[PDB]
Every structure is written in C-alpha cells, then in structure tokens.
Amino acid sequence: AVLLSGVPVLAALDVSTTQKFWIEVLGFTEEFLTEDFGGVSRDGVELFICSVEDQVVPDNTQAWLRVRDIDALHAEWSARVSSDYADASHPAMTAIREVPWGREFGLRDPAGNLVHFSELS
C-alpha cells in the first residue's frame, strides 16, 4: 500500500458560493459540484469543499498548499483579494511573511477557511 496524495477538505455553509470563489477569483479548475460536496484543482493539486451547519467549523479550518514562486501567486491575487484581514465580511489575503521554515501567505476564503500558501527556503 502506497499513499499517493492528500486532499484538504474546506468547510462551508454554502458550498457553491465558496467553490465559485476558488474557481473564478483564485483561478482553480472545477472538478465537480454537488449541493453538499465540491472539488477544485490547480496544477493537479486538489481541494474539496464540504457543507457543515456551524460557522465555527470553517472559522477554525486550515490547509497548507506548497507552491513554487509564491511571489507570482501573491501578485496574481493582489488586485482580486483585499489585504484588509481585520475586516471579516470579505475574503482577504495577508502579505508574504518569512517564517522559520520558508515564506508564506495566508488567504481567508468567503466561507472562513484559512489556507496557507507556502514555499520552502
């Protein structure tokens, strides 16, 4: 038995809207969408999105995506996603930060999930 890859599952009270963001704003390709369960990918890296009935769940859900050329990716998204992280009514994206293992930025989606885009250095 060999493990092949891992697929983070984001949570959302509204799967469809959250998936539309990952696709149209962030530039992921749709894999599938049902009412309760959605999937997207970019460069073969997949993320699923599953419905929940309590907002505390997505507000406490995270994922990491390892990237190459984090600078290009942040620039792609800088016009599209607010840098005002303190405003919880909209998605937002942090600046790129240097952390002890590499560089990363965080992105909070419309559902509340926090995804870390990171590069090892």
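Numbers follow the displayed sequence, beginning with 1.
Mean CA B-factor, 85 to 93 versus 62 to 70: the higher value falls on 85 to 93. For the segment pair 95 to 103 and 10 to 18, the entry gives 95 to 103 the higher mean B-factor, averaged over Cα atoms. Out of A79, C50, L47, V57, it is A79 whose C-alpha atom has the highest B-factor in the PDB entry. When the modelled residues of the chain are ordered by C-alpha B-factor, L4 sits in the middle third. Ranked within its chain, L26 lands in the lowest third, by CA B factor from the PDB record. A75 sits in the highest third of its chain by CA B factor, as recorded in the PDB entry.
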